[PDB]
Amino acid sequence: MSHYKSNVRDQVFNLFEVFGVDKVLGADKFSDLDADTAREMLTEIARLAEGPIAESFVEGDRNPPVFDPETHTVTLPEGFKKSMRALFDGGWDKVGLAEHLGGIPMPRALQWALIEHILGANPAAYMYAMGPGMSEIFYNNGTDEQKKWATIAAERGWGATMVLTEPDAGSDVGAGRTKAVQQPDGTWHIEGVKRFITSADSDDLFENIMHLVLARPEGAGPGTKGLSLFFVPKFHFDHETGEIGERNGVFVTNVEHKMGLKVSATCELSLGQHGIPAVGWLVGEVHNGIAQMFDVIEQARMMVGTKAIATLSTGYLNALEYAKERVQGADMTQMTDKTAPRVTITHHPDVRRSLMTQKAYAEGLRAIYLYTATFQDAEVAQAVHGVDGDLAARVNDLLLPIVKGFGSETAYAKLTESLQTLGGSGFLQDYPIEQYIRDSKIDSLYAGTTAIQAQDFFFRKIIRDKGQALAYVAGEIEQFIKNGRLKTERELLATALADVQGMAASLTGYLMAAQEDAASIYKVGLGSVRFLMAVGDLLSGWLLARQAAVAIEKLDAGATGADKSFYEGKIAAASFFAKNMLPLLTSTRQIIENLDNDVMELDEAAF
Amino acid sequence: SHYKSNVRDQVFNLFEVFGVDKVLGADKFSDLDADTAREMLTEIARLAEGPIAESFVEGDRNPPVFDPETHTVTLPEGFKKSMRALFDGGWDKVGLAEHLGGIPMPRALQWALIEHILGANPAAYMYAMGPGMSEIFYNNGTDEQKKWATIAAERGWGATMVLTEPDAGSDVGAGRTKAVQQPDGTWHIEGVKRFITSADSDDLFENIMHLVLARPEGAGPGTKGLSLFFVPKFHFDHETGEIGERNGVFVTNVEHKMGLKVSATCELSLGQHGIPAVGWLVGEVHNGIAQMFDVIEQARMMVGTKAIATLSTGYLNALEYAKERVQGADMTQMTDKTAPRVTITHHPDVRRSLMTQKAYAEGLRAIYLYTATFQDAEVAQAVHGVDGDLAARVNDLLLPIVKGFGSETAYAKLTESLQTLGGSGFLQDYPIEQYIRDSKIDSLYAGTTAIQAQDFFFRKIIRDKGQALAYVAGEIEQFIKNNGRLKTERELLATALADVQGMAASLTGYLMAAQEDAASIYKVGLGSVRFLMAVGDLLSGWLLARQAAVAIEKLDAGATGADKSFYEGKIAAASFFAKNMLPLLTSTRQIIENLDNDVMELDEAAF
Ligand SMILES: CCCCCCCC(=O)SCCNC(=O)CCNC(=O)[C@H](O)C(C)(C)COP(=O)(O)OP(=O)(O)OC[C@H]1O[C@@H](n2cnc3c(N)ncnc32)[C@H](O)[C@@H]1OP(=O)(O)O
Ligand SMILES: CCCCCCCC(=O)SCCNC(=O)CCNC(=O)[C@H](O)C(C)(C)COP(=O)(O)OP(=O)(O)OC[C@H]1O[C@@H](n2cnc3c(N)ncnc32)[C@H](O)[C@@H]1OP(=O)(O)O
Ligand SMILES: Cc1cc2nc3c(=O)[nH]c(=O)nc-3n(C[C@H](O)[C@H](O)[C@H](O)COP(=O)(O)OP(=O)(O)OC[C@H]3O[C@@H](n4cnc5c(N)ncnc54)[C@H](O)[C@@H]3O)c2cc1C
Ligand SMILES: Cc1cc2nc3c(=O)[nH]c(=O)nc-3n(C[C@H](O)[C@H](O)[C@H](O)COP(=O)(O)OP(=O)(O)OC[C@H]3O[C@@H](n4cnc5c(N)ncnc54)[C@H](O)[C@@H]3O)c2cc1C
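Which chain is which? The protein sequence lines are A and B, in order.
Last residue of the first sequence: number 607 in the numbering used here, and the count goes up by one each step with no gaps.
Last residue of the second sequence: number 1214 in the numbering used here, and the count goes up by one each step with no gaps.
Written out as structure tokens, the structure reads:
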């Protein structure tokens, strides 16, 4: 079979046995979707991901997209286009799409679990297929007239792009110089060159593409808040019928050569530089670009983190299958006996340490993104957590930099253990892990670098939030702590919580001390990413412990066979993570408590 | 041009810190002075930065192509040009014994020279490892065999080490390749070997000497039944060296790898194509694994230096980018969206990461140069006051540090080098993504990190009765006890030293409990790799601190300009490492002190 090793068993356990998302299924917005159908959908997309979607994982890498300068188009490999079709023909492009655009209503915790499987099998496939959901974002932000266009874009399944980055404006989006010039008929002419645009062309996958392009109107202010968002389609079209018309002046001029994620065309997007204007329409006919664009950035950040977690999961499972089957060496209890029976490497403790590490973090991460997703529907947050819409929004925003930044960095780091398990064979392309790594290194970069995530997590999602969302999550962790076979984990989780509390209190000191000493703010930057990672380790230990608490209930209730084995591994993962991962936060708090600006005062030439 | 060298740091280490110049001009190195050595370093560094780094990208993008019916590989023209450059300079004969045409040199200077090739195009050095392996065959050979070794050395033949079979990788002793004795005293070798580096080399050499482990018919099991054989690709005149008829050792496969592509990694079939693979019993004694380990020691030393070289040019590339790249405002001006833009070396997190790349890069350069000062008894005497026997013991202790800690550290910290480049870090246009891909293998070949950790504990500490480790502990303890501008660094080093002693005592405890309960040995396994990494971090902080003390002396004396900056960066690096990396070992010690066999007893099906 294929490279993509699924785990719907773990998804359902999270959705149903731990977070209780089924408690909303069958009622209200999800009236016509019951718990059984949800499991069947999860099983269906997992089989589609393992088959036709994973079919072209290797081809997309070894036979990558090509730029045609004769036509300013991109060619994609045949096998990848075949997988794209399999996804369209199942309607898996309409996941969580609003009902009035042809989607099936769902809790987003379910939606992202469905999404995970595509991202584990062929992540670029899902990215090419985010058009409809970006069309919906255009709908929510559009005028009534534009809402008709957006509807056409969703129903005909046009592709879509996020167009922010320029050569001199990446994390500083506000530094972009692309301009918008208003015309007499109310349209705008966009003029500029954007860089690193995903899916900017897609060969003949779609009949049109919607480019969501950020630009600065003539005479607008500086920074992000001078920016406006424009709807710029690859082709002109009839605003009633949808009939595709004349080519619009927005062309790809180049296709990057990347370490991984190769079948994802990443292009220089040139607007107006080829003899026809790039006409764009101002979204909602208001000047509000960076706020509007962030509805899409927020989705992209959720996707990138889930992708990372999706890829660590099948990394681990590939490594496990290999370890179970590979004979090498004697049991360590028989080390000196050179006649002793050879063993499979799962008998070797460093192998078992590295499998338990991959397992605990993979499953720990899956819980986080699903937990995060239970705060994205007001109805689910109320039903499962008892929190009103405003608190739900805030905790979702708090948790996104975790899903993206902590997921980003952990999945790549732990795939090293994945590959390691294969011994020398991990370095061969014959096995999928080296590509998992190359495909995953980008997740720490696009949709905001990890540092950008950490600076958002602290400055916006905590400080500007006055600690409300952070205080709410800490409250749930404390409640689990204060409540037998779980006493030791709880003791370690209590240390870990104090440690994170320590780190937050320390950093906030450095920040508010900056008013009498401006250089103090650098200590916030020096610690922000480490603080983010600790919060991600704290959440993983907590969520993993919750899961063990339930596995104990189900075991005491008499689970047997394959179920028993599953629940037994939750206990193992939870105690391992408590004992081997969490303690390191104590020394991290202390390191953060003793930060200084020596590294800032040092002259650049001394590096 | 991708490769950024650092002769200055090498000289600073060799001369101002370790005083390797105290042997130049006397005894074995009569005819080589310190001024000459500085010149050899800067020459090979210029060659590596030019003709040898020139084909780094080409070797990767246009990797060797295998012809299966000729059993040969074609290497890309540009890489072969680099090899001839290496040859025309005698850089294939670095440290080779004088009686083989080599220039006598202390091994510390030798690995310093080699570092440049490994940084510019590591696979080029591997192809060029022939003469040094001929010197090993020489040392282990009969008088008649010594004549062959000399021919092979001065004629510049390539060479391989042939151990791995499909089901014998870490367990070399499981290998089934057989050796059949012939009436005249030769042997016919029959078997298939896997993953053999440089097993074919296009036309770079007129012969290749395969050093093959094989089990003579009727010899015992495990590694002790093995014997080493001299198996030449071509038969040759034992007197004149004239090349004769092809020997029956043919490559039947070449792997497709994640990185290090230009290095042919071949399946080697001995005796399978109707022509016998004649082999000669090296030294005409049965002592294979002992003999092959002379080469395995070399290979382990090289892999580590390779990992370290790759991180150094990784960091230096990252530093140049960060110096030139403008993005964002100073965070003391974060709120003002009209504040001047700054180069990213101003941003705390970028400076945290550069400091991290620097401290580890230069910490690891010190470790491998330190290790190399115990590989000449003459140098060990002059620089350390240590007799030949302890010198060999200390060198054996440090090799798994160089290999195990060096491989894992370089790869991980390269993640920071790529991050510093932002999105451009994911592009092939820059060399870091290849650094990563080319570097992942170092944790695997020449023994995996688990194998390194296991060698380190059981053989280099326990079987050693702890005597080498105690010597090193002494030198760290002596540095702590000795100005007061390093008082904080010394306290942190004292903690760390104690923490590592904690680890070593704990693991020794688990070993001795296995006398009464064999399963306790698993605890040693669970902690071995963490322990190895701990000793590595300790050594880096100790060596970085020694460097700071010498930089303080040199700054106090009135250093200026570029020298001043260099010395200042050593101080900042030693202080950062002590305050940001060393404390984590305390947590690690507590984790090791509390290991359990839960993860061992768990049923495999629960993973
Ligand atoms: C196409 C499918 C596949 C795509 C895969 C990935 C695609 C990409 O990579 S797209 C390029 C992604 N680019 C980024 O993510 C930018 C990363 N850099 C940052 O985020 C910086 O921190 C920013 C925010 C750009 C710094 O600019 P500032 O002007 O300095 O930001 P402010 O803090 O002043 O906020 C101003 C304005 O911006 C909105 N905003 C900021 N942050 C958020 C968040 N987390 N969530 C929602 N909105 C946010 C706000 O509207 C804010 O206004 P306010 O007055 O402060 O409320
Ligand atoms: C030329 C192009 C560049 C090539 C680049 C490298 C390519 C490669 O990867 S080459 C293949 C490398 N293969 C390995 O590294 C094997 C890794 N596995 C191990 O090392 C295992 O731990 C071994 C040692 C194979 C375990 O087998 P055992 O029989 O169980 O070993 P013992 O501990 O009982 O000792 C047996 C015998 O071997 C000698 N020995 C062991 N360890 C060493 C070390 N570190 N250094 C020197 N010699 C060693 C000893 O002679 C020992 O006998 P003794 O009675 O204990 O003295
Ligand atoms: C494969 C790929 C696909 C992409 N697709 C898209 C797309 O579809 N749409 C789109 O709009 N963009 C896209 N991008 C652009 C991507 O979002 C940017 O690369 C990313 O936001 C980082 O910007 P940059 O490359 O300019 O890095 P830089 O902004 O130059 O950052 C370089 C380094 O500086 C650090 N840094 C920068 N500013 C700060 C600060 N204020 N504080 C601390 N550290 C800082 C960063 O951490 C990083 O390590 C894509 C990029 C890639 C690689
Ligand atoms: C690019 C490349 C080039 C190579 N070149 C050469 C060459 O020139 N010459 C040569 O002789 N060999 C060469 N090799 C072989 C290489 O040395 C082996 O791949 C390596 O030693 C690991 O062996 P293996 O692949 O069989 O993996 P395995 O031994 O099967 O390792 C699988 C996993 O099990 C673990 N494991 C195995 N045994 C134990 C144990 N006892 N205790 C704890 N953990 C254990 C390992 O750490 C690893 O995580 C090369 C390999 C590669 C990838």
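Even for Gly, the Cβ is constructed at its ideal location relative to N, Cα and C.
Spatial distance of residue i from residue j (CA atoms)
i, j, result
"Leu398 (chain A)", "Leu1202 (chain B)", "34 Å"
"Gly192 (chain A)", "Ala494 (chain A)", "53 Å"
"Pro1038 (chain B)", "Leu15 (chain A)", "43 Å"
"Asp809 (chain B)", "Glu1023 (chain B)", "37 Å"
"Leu720 (chain B)", "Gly1054 (chain B)", "24 Å"
"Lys29 (chain A)", "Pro105 (chain A)", "7 Å"
"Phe663 (chain B)", "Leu1133 (chain B)", "38 Å"
"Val1142 (chain B)", "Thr1056 (chain B)", "14 Å"
"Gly249 (chain A)", "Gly935 (chain B)", "30 Å"
"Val529 (chain A)", "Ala454 (chain A)", "5 Å"
"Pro729 (chain B)", "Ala756 (chain B)", "25 Å"
"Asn747 (chain B)", "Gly739 (chain B)", "13 Å"
"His953 (chain B)", "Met600 (chain A)", "8 Å"
"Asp695 (chain B)", "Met909 (chain B)", "22 Å"
Given residue i as reference, the closest of the options once Cα atoms are compared
i, options, result
"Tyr967 (chain B)", "B:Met1140, B:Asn746, B:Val949", "B:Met1140"
"residue 609 (chain A)", "A:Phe577, A:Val535, A:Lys554", "This structure leaves residue 609 (chain A) out entirely; chain A is present only between 1 and 607."
"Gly1081 (chain B)", "B:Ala1105, B:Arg1092, B:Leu1099, B:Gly1091", "B:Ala1105"
"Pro184 (chain A)", "A:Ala323, A:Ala160, A:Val279", "A:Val279"
"residue 608 (chain A)", "A:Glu601, A:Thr187, A:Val232", "A question about residue 608 (chain A) goes unanswered here, because the residues of chain A that appear run from 1 up to 607."
"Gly242 (chain A)", "A:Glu207, A:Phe230, A:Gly219", "A:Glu207"
"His72 (chain A)", "A:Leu271, A:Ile297, A:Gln376", "A:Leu271"
"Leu833 (chain B)", "B:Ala786, B:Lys868, B:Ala1166, B:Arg1196", "B:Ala786"
Where residue i meets chain A, residues with beta-carbon distance less than 8 Å
i, result
"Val664 (chain B)", "Simply none; closest approach about 11 Å."
"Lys1067 (chain B)", "Result: empty, since nearest Cβ-Cβ is about 15 Å, beyond 8 Å."
"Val819 (chain B)", "Simply none; closest approach about 18 Å."
heavy atom of ligand 3 below 7 Å from residue i C-beta
i, result
"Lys307 (chain A)", "no"
"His954 (chain B)", "yes"
Amino acids of chain B, ordered along the chain, whose beta-carbon sits closer than 7 Å to that of residue i
i, result
"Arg589 (chain A)", "Residues of chain B passing the Cβ test: none, with the nearest at roughly 10 Å."
"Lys359 (chain A)", "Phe1214"
Residue i beta carbon near ligand 4 (any heavy atom closer than 7 Å)
i, result
"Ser876 (chain B)", "no"
"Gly424 (chain A)", "yes"
beta-carbon residue i near ligand 2 non-hydrogen atom, thresh 7 Å
i, result
"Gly1054 (chain B)", "yes"
"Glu1015 (chain B)", "no"
"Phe686 (chain B)", "no"
"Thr1167 (chain B)", "no"
Any non-hydrogen atom of ligand 1 closer than 7 Å to residue i Cβ
i, result
"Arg460 (chain A)", "yes"
"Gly133 (chain A)", "no"
Interface partners of residue i on chain B, CB under 8 Å
i, result
"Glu568 (chain A)", "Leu1209, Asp1210, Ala1213"
Contact list for residue i against chain B, beta-carbon separation under 9 Å
i, result
"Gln429 (chain A)", "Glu862, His863, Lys864, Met865"
Proximal residues of chain A, C-beta to C-beta of residue i below 9 Å
i, result
"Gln1154 (chain B)", "Result: empty, since nearest Cβ-Cβ is about 13 Å, beyond 9 Å."
"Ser1014 (chain B)", "Simply none; closest approach about 11 Å."
"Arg1097 (chain B)", "Going along chain A, no residue has its Cβ under 9 Å from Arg1097 (chain B), so there is no contact; the nearest lies around 16 Å."
Chain A contact residues for residue i, given Cβ-Cβ distances below 7 Å
i, result
"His954 (chain B)", "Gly525"
In chain order, what are the residue ranges of uninterrupted beta strand (DSSP E) at least 3 long that sit wholly in the region 479 to 522 of chain A? Those beta strand (DSSP E) runs which fall completely within the region 479 to 522 of chain A and span 3+ residues do not exist here.
With a floor of 3 residues, list each beta strand (DSSP E) that falls wholly inside the region 297 to 363 of chain A, ordered by position along the chain. Annotation note: the region 297 to 363 of chain A contains the following uninterrupted beta strand (DSSP E) runs of length 3 or greater, listed N- to C-terminal: 327 to 330, 342 to 344.
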